[PDB]
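# Topology and contacts: notes
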Amino acid sequence: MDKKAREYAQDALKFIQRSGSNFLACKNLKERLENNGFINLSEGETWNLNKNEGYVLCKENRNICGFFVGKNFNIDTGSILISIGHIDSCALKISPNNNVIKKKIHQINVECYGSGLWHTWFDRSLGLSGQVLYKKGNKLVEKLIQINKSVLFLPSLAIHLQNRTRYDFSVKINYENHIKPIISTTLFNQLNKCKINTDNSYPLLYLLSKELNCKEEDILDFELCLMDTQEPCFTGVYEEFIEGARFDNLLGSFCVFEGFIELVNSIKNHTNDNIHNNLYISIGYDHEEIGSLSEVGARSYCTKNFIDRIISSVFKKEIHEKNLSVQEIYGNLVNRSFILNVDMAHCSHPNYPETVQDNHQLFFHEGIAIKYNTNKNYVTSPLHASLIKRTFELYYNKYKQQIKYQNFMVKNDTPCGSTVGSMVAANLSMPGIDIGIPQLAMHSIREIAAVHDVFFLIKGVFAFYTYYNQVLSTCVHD
Amino acid sequence: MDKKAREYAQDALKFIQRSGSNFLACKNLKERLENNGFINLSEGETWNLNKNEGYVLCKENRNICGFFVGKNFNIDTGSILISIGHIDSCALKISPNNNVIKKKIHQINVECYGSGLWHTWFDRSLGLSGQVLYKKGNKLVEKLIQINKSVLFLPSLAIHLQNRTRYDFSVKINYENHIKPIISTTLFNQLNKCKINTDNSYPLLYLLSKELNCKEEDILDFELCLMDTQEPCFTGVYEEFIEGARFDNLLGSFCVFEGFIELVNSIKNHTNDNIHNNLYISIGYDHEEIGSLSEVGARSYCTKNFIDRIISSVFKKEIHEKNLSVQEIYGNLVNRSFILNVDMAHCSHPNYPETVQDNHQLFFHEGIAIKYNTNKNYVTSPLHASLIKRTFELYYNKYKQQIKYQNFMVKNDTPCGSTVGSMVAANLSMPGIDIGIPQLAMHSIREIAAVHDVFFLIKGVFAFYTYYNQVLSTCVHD
Amino acid sequence: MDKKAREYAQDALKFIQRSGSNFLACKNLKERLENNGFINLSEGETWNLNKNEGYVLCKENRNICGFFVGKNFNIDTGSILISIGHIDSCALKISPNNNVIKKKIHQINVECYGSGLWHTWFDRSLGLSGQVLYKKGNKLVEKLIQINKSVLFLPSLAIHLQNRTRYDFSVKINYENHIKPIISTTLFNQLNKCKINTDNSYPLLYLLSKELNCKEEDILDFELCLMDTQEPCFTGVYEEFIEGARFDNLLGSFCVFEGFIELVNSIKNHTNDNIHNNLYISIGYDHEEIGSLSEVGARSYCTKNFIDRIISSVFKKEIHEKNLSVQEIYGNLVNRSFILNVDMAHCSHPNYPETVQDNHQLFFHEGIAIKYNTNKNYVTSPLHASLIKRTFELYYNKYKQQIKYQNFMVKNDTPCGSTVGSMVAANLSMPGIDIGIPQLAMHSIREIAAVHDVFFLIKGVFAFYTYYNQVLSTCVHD
Ligand SMILES: [Zn+2]
Ligand SMILES: [Zn+2]
Ligand SMILES: [Zn+2]
């Protein structure tokens, strides 16, 4: 696994450093799915879905959703298997009116998107990734940009100005005042000008026009996210960790789609009856960090309408002549359905032993977290994790490679952030689980994670895809 | 100057990224001085100094001190011109007993050297630079190592565990407990072992033995400093800033020695009487961040004994036969002497307008700071800055390139950190000034500075070297 | 070692109980050095120093400094080895105007010298030690007194008067008001009078006149320190500890001079080339507890002028005819020089586990502390402790007795008191180390320490004296 765990983390470290925002997360995953032969269908034309074919759609370039229709569906004995991991992170997005000129320094005022460690974003060689809408002729042209060179810097305050050396000197980052990255000075802005809107920064507008090869006056408005220009890398002495940026479920949703790609490649190659019996959906949501209340979030009707469009297009012919309905067929498959929500989990911090549960601890290379909660912030029920642990045991009987797992639970007094596990499980009425891999410094600009956990997560989504209905057929209720 | 300012910042960005600590600061500057032909003399043999020759000495590989004896000294009309910038920074040095195994994670406990923004050191791909003493046979072998790959990581706490989203969530970095970088896990430490001292970390001892090509049992003890593995780079949209690490007077003492190298090259080439009339010393101190109370610090007798060894070796023949003394000759040259202390200064932060003086502000590309103080934490007197501003005007009359300057003064209510200006001016009884270039986020792991200020500082040390006695001859007291 | 460790602590317990102050510390050490044959030379006559002879000088009876000139000095290959431990402690010194008559009780108002546990000085049978200047005829006669009987008592407040039994009843010792020892009542002062200055206490003036055998009117002024009259003793069940008083480096500077005496006795007896090659200085400083800013402190020019007087008197003949200077010769020997600062260290307190570092702990009988620091309050560098640990290994190869050591480091958040390690290392420009032995209740009136650590310290100073140049010759720098 040492070789396959490093090869899995290598491709994840090719995915991140190209996935600088939520837009290039949808773009690079759609490019990753189209390399295996997925038919890229748009939401706006018409859906004529076929058996045995895989499909992919970016809903308005924020929400990736790739699904694979099995060969023999059975309305009677079949399932809809969904793996979920949001494609976004806590980033400093750029405000619309950004022209801050203070102390002879051109600045951007950025909006803090999500709930992040914003003091870690201080003193970083920052870049740009996101979506820029610009004019070309009479047509609005949309381009996803990726500026991997350092063009922004959020400077900290020098230590000499406040009181020093005690209780970490009472550092307080005011989110409006102190979080405003510098981009240029007014000296070299005017020096690089002689060789229309006053709301956009001309150092910024010169930068995007250099990337898009147009005038700065053609740049209309943009949704840009600040990213750290430092490439992700294997760390530790033994090159045993991974870290670069955005590992809050951009590493995790890589394993959602890498586990989904290996499933479809296992279905298409070497062609055993129940693998062609399911609808395997793999959706990368947006706007998780702010609560999923969006048109492309988890609380959206987007996924629920996607399944009701797959059911209507696949079973187009059997609605008419045996008088079934969509909600009859959808509620028929919901009993055999499942949701595998993948989002990162808190590894046991060695420097903070007071924020960890005693029994439910997570360590690196120890396996997938299975995140439980008091208040169902994670949707894991002890029945529905027992089915997934038996999919990990059916993986061990066939591939002779153990998928390790470990139960994670936050302390009863401390609160924890909710995920999209129970959001989609309420929208789709499907049972669910919340798994993920342990990482340290979650919601920060650099997040460290283990490379064996990337192997266990990719095989963990693949084992849930392959062996869920083999476990579900053996469950007898009263 | 645009071309020469970028070329000066380019070589500074070659100096830093090789100067990872205070030891490789002495090593790379001694290599930089020996490329121009400086005679590397050791403290332990004998000093036979000559006219017209330049010398360089690392005092126990921490304190660099390069000096140039002019061709015609005059005890009557001659000077000792000293430029000073310490070669060290706030870094996380490694403790001697470093074997921290908590939560199945191998850690280093590091000692916070200096007064730094230690919350900025969190979540950085950290490396190693410093001095390692190891055995080879029966001989203690000393080697200066530089590990530019990321082998350490100081992780932050995840945001979900404390209270969130208000007043920056009451972040408090306990300096002992929370500052302990992780280096490995106990899984891959034991996994990479089967394929003597219990105080040193075996993940660390495996790492240094891999660099030194010896056994881990030969590594005795080391003075290692954690550095950030990210290379320094030109930033801004117009590539107009510089930042990587350690810019608290490792950029500034580069300009001390780059201004010193250009002086000696101006003396040796194109061979006008008073340029050969002085002793130009350029010393890079250690241990400034902790108060210079050391054997290689500014409060040491090292510099005072160096001048009394230069005076004794140059004027070896005139002591005997006209019955002069060292203190007679040293106090004769102290009246014409000067100290140019170079250390970085606080640029006007746009996000913190309450910590800046109204009239004494520093902006980027606006010139050298001339740091004044109430309590003489900076040694600048208004007489002795008036001589240096006239050396900047004599530079403009010859080279037709203006050396811009700006006066810097901290507010009366806020305290500021003292420098080595008044420390060496008391030890040597020489008048002084405190100049430097404005930078933001001083004493942090990433410090941003302007590239025109690097040009003004290098020409500023060069103008003080070339034109001080031309200004000093025109001063008439009562 | 059990026999030699008890014999070493026995002579230390003869030294303390005669060393009641800083004056009798200089006196008894000068008597201890003169018993081995050290030539007692005064500062005021002339220095005609010889090879192979040992010298001793009390600078104005506060600062002891004994040195031994080796037989064959080599300016080329030779060294100055200095061991340092201050001879003073936190004591209640007597104020000049001491006539406090309150509530019919004669009192002394004492000045709190140093930073001590002054609540431990309450309720002690206190004595007197120090220097008394008195007249005899027309001549000012100076006498060092030692009153080992209890003549003073600093009483506490009874428990019934404040609130009781909770959180240690809010004890607050006001340093002026509550620290005033009673000495007599006005009843027995007047009763013992019938059988000039109003500023001195007549109960005190009767006491010193009884010791000096003169009138009370001849006593002019005095520098007296209150001491505890209880003799030091071996404690524990197994007689395994030592405690009496003043063990903050009066026990430690005993090991400085006992390690120095055993060196000189090893040089004179059994007469191998490099032992006669060095200048072994052993200096006992004063005024450490208040910051060494004194004429006899560590920040004084006393030690720096002593070495420049030894170099001038030993090399009196080679200055003239090969035209060397003092600062040339002094800076030649500084490269091979070292400073061994000895001051006590904090043993791991069992009742206070929150004030100790986790990895850098000190236990009794576990070895010498090697005190490291963040801010170089201790002058120990990891290079220069690596040389001293190899002097401890060269001791083990010759004497077959292991000198145990243990690294000590205070926590990063807590501050620690600075020592004279970096003070003398700045004044002399010599590299240094801070060693010492672990003790509990430092700066208190009773301080407990271990008897094996007294053996390790005496052999530790002796191993640094004997084997430093054997280690220093094997170091190869780049
Ligand atoms: Zn997430
Ligand atoms: Zn500095
Ligand atoms: Zn002490």
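Residues numbered from 1 in each chain as written, not as in the entry; some residues may be left out. Chains lettered and ligands numbered in written order. Part of a larger assembly, values for the part shown. Heavy atoms only, no water.

### Considerations on the domain arrangement of chain A
All names here are of chain A. Domain parsing of chain A yields domain 1 (1–89 + 231–478) and domain 2 (90–230). A straight line from the C-alpha centre of domain 1 to that of domain 2 covers 33 Å. Contact residues are listed per partner, giving 24 residues for domain 1 and 26 residues for domain 2. Sorting the residues of domain 1 by area buried against domain 2 places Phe 23, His 443 and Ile 445 first, and these three jointly supply 31% of that buried surface. Seen at the junction of domain 1 and domain 2, the total is 1 salt bridge. Between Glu 223 and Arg 62 there is a salt bridge, with the nearest N and O atoms lying 2.5 Å from each other. (Domains from an automatic or database assignment. Contact = heavy atoms within 4.5 Å. Buried area = accessible area lost by both parts, 1.4 Å probe. Salt bridge = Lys/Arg side-chain N within 4 Å of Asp/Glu carboxyl O.)

### As for the state of the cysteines
Residue and element names in this part refer to chain B. Applying the stated criterion across every chain yields a total of 3 disulfides over all chains. A sulfur-sulfur separation of 2.0 Å characterises the disulfide bridge that pairs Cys 26 with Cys 58. Of this pair, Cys 26 sits in helix α2 (residues 23–34) while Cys 58 sits in strand β2 (residues 54–59), placing them 32 residues apart in sequence. Of the two residues examined, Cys 26 and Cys 58, each falls in the buried class. The thiol of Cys 112 is not disulfide-bonded; the next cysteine sulfur, from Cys 90, is found 9.9 Å away. (Disulfide = S-S within 2.5 Å. Helix = DSSP H or I, 4+ residues; strand = E, 2+ residues; numbered from the N terminus. Buried < 20%, exposed > 50% of the residue type's maximum accessible area, 1.4 Å probe, protein only.)

### Some remarks on the sheet that holds strand β3 (residues 63–69) of chain C
Residue and element names in this part refer to chain C. Read across the sheet, 9 strands follow the order β1-β2-β3-β15-β4-β16-β20-β18-β19 without closing on themselves; strand pairing throughout is mixed. Where the open sheet ends on each side, the last strands, each with one partner, are β1 (39–40) and β19 (405–409). By the bridge criterion, 2 bridges tie β1 to strand β2 (residues 54–59) in an arrangement that is parallel. Along β2, the bridge assignment pairs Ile 39 with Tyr 55. Along the sheet face, helix α2 (residues 23–34) touches β1, β2 and β3 and points at about 165° away from the line of β2. Against the sheet, helix α10 (residues 421–428) touches β4 (79–84), β16 (338–342) and β20 (432–436), its axis set at about 155° to β16. (Pairing = 2+ DSSP bridges. Axes fitted to C-alpha atoms, helices over the stretch in contact; angles between N-to-C directions.)

### So, the pairing of strand β9 (residues 125–136) of chain B
Residue and element names in this part refer to chain B. Of all 12 residues making up β9, 10 are buried, and the element is well covered by its neighbours. For β9 and strand β10 (residues 139–153), the ladder comprises 11 bridges, and the chain directions are antiparallel. Paired with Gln 131 across the strands is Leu 144, a residue of β10. Note: β9 against strand β12 (residues 219–228), 9 bridges, orientation antiparallel. For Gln 131, the partnering residue across the bridge sits in β12 and is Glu 223.

### Some points on the interface of chain A and chain B
Residue-level contacts link 89 residues of chain A with 88 residues of chain B. When chain A packs against chain B, close to 8300 Å² is buried across both sides, 62% of that on carbon and sulfur atoms. Of all residues in chain A, the largest losses of buried area upon contact with chain B belong to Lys 103, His 160 and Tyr 238 of chain A, amounting jointly to 10% of the total for that side. The tally of links from chain A across to chain B stands at 0 salt bridges. In this structure, the connection of chain A to chain B is made through 25 residue pairs in polar contact. Contributions of two or more residues to the side of chain A that touches chain B are made by β7 (105–107), β10 (139–153), β11 (182–185), α3 (186–191), α4 (202–212), β13 (233–235) and β14 (241–243) of chain A. Residues belonging to the side of chain A that touches chain B are distributed by class as follows: 43 nonpolar, 32 polar and 14 charged. (Polar contact = N/O pair within 3.5 Å; in protein donor to acceptor, adjacent residues only side chain to side chain. Nonpolar A, V, L, I, M, F, W, Y, C, P; charged D, E, K, R; others polar.)

### So, the interface of chain C and chain B
In many analyses, interface size is given as the accessible surface area lost on bringing the parts together. Residue-level contacts link 54 residues of chain C with 54 residues of chain B. Carbon and sulfur atoms make up 47% of the area that chain C and chain B hide from each other, which totals about 4500 Å². Summed over the shared surface of chain C and chain B, the number is 2 salt bridges. Where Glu 328 of chain C meets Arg 309 of chain B, a salt bridge forms, and the shortest distance between an N and an O atom there is 2.3 Å. In this assembly, chain C and chain B are joined by 20 residue pairs in polar contact. Looking at the side of chain C that touches chain B, the elements with two or more residues in it are α7 (316–322), α8 (326–333), α9 (384–399), β19, α10 and β23 (475–476) of chain C.

### Describing the packing of helix α2 (residues 23–34) of chain A against helix α5 (residues 252–268) of chain A
Residues and elements named next belong to chain A. Where α2 contacts α5, the two axes come as close as 11 Å, and the packing angle between them is 10°. With respect to each other, α2 and α5 are oriented roughly parallel. Listed contacts from α5 to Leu 29, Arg 32 and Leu 33 of α2 are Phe 257, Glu 258, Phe 260 and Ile 261. (Parallel < 35°, antiparallel > 145°, perpendicular 65-115°, else oblique.)

### Points about the relation of the copies chain C and chain B
With an RMSD of 0.0 Å, chain C superimposes on chain B once it is rotated by 120° and translated 0.5 Å along the axis. Taken together, the rotation and translation relating the two chain copies correspond to the operation of a three-fold axis. Within chain C, the C-alpha atom positioned nearest to the axis of rotation is that of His 320 of chain C, 4.7 Å from it. Comparing interface residues between copies, only 6% of those in chain C also sit at the interface in chain B, which points to a heterologous contact through distinct surfaces. (Least-squares fit on C-alpha atoms.)

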